[PDB]
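One-based numbering along the sequence shown.
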Amino acid sequence: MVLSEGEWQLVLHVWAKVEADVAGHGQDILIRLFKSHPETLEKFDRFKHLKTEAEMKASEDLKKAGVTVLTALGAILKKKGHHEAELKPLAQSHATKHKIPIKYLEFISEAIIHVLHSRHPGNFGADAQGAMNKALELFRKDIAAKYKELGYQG
Ligand code: HEM
């Protein structure tokens, strides 16, 4: 699939807002993911023991993980589709080391959309959300293809 320049502009416009507070968006997104799909928390051995949202909000390890997720995703989005190089090591670690099914990438994609919708209603209208969804679908499609080449595709 291919996004138009206009769609990339909508994506990068709201992303510039996200970058004003990377750590805060990172926390919100991961907490949303864990509350909606608790099974996903089990993959993070470092903080798999957190029981409540209050504990999650207080965790420095979870905040750092959120910053890591957003910084990596931001680098990918700014490539505007020319992200083959950035995707290789990411697909390898998530398929082979962490063992993250595509299903979970769909779950985090939904958490990202929910948080942007909550925090940036003025810059995340229907057209902007459609463009962000398309960009994340492109990301998931290319990652799924790499998973298969690596012997996982789970
Ligand atoms: C947009 C989605 C994602 C991005 C861009 C991303 C990015 C990263 C990055 C850059 C790291 C650091 C080095 C490495 O590759 O190991 C990492 C680690 C990890 N990721 Fe992801 N990730 C994503 C989604 C997920 C999901 C959905 C899960 C689990 C449900 C997950 C679980 C992990 C785990 C377990 C680690 C290592 C934690 C640690 O450092 O101890 N990732 N991810």
Provide the closest heavy-atom pair for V11 versus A135 in the form atom of the first, atom of the second, distance.
CG2-CB, 4.2 Å
Side chains of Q129 and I113, heavy atoms from C-beta outward: is any pair under 4.5 Å?
yes
Nearest 0.5 Å, what's the CG-CD distance between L136 and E106?
11.0 Å
To the nearest 0.5 Å, tell me how far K57 NZ sits from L62 CG.
12.0 Å
Taking atom types as modelled, find out whether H120 and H13 have a side-chain donor-acceptor pair closer than 3.5 angstrom.
no
So does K64 get a backbone contact from the side chain of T68, meaning a donor-acceptor N/O pair under 3.5 Å?
yes
Looking only at non-hydrogen atoms, find the nearest pair between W8 and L77 and report the distance.
CZ3-O, 3.7 Å
Of all heavy-atom pairs linking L3 and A131, the shortest is CD2-O, 3.8 Å
Electrostatic pair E137-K134, nearest N-O below 4.0 angstrom
no
Test salt bridge (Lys or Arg N to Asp or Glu O under 4.0 Å) on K78 and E19 and set out the steps.
CA-CA 12 Å; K78 292 166 179 183; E19 286 179 337; 2.7 Å; yes
For the pair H117 and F124, name the ring-plane relationship: parallel under 30°, tilted 30 to 60°, perpendicular over 60°.
perpendicular
When you compare the side chain of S4 with that of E7, does any pair of heavy atoms fall below 4.5 Å?
yes
Nearest-0.5 Å distance that lies between atom CG in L12 and atom CD in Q9:
6.0 Å
Run the numbers on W15 and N123 for side-chain contact (heavy atoms from CB on, under 4.5 Å), then give the verdict.
CA-CA 10 Å; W15 199 257; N123 292 125; over 6 Å; no
Heavy-atom distance under 4.5 Å between the side chains of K17 and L116, does that happen here?
no
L30 and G66 have their tightest heavy-atom pair at CD1-N, 3.6 Å
Where do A23 and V67 come nearest, in terms of heavy atoms and distance?
CA-CG2, 3.6 Å
Let me have the donor-acceptor pairs involving side chains of residues 146-154, under 3.5 Å, with sequence neighbours excluded, atom names and distances please.
residue : atom : partner : partner atom : Å
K146    : NZ   : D142    : O            : 3.0
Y147    : OH   : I100    : O            : 2.6

Give, for atom CG of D28 and atom NZ of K63, the distance between the pair rounded to the nearest 0.5 Å.
11.5 Å
Any donor-acceptor N/O pair, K99 side chain to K97 backbone, under 3.5 Å:
yes
Measuring from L33:CG to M56:CE, what's the distance to the nearest 0.5 Å?
9.5 Å
Would a distance-only check, ignoring hydrogens and angles, find a side-chain to backbone donor-acceptor pair under 3.5 Å from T40 to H37?
yes
Can you label the angle between the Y104 ring and the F107 ring as parallel, tilted or perpendicular, going by 30° and 60°?
parallel
Taking CG in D21 as the centre, count heavy atoms belonging to other residues, nucleotides or ligands within less than 6.0 Å. Is the count above 12?
yes
Please state whether the rings of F44 and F34 are parallel, tilted or perpendicular, taking 30° and 60° as the class boundaries.
perpendicular
How long is the gap from CD on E110 to OG on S36, to the nearest 0.5 Å?
6.0 Å
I102, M1: one ILVMFWY side-chain cluster at the under-4.5 Å cut-off?
yes
Within-4.5 Å side-chain heavy-atom neighbours: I108 and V69:
yes
For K43, does the NZ atom sit with more than 12 other heavy atoms under 6.0 Å from it, leaving out its own atoms?
yes
Near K88 NZ, under 6.0 Å, is it more than 12 heavy atoms from other residues, nucleotides or ligands?
no
Does some side-chain heavy atom of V14 sit less than 4.5 Å from a side-chain heavy atom of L10?
no
Can you tell whether the side chains of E53 and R32 come within less than 4.0 Å, N to carboxylate O?
no
Note: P121 and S118 closest approach over all heavy atoms is CD-O, 3.7 Å
The test is side-chain contact (heavy atoms from CB on, under 4.5 Å); show your working for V18 and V115 and say whether it passes.
CA-CA 10 Å; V18 171; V115 170; over 6 Å; no
Heavy atoms, side chains only, cut-off 4.5 Å: are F47 and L41 in contact?
yes
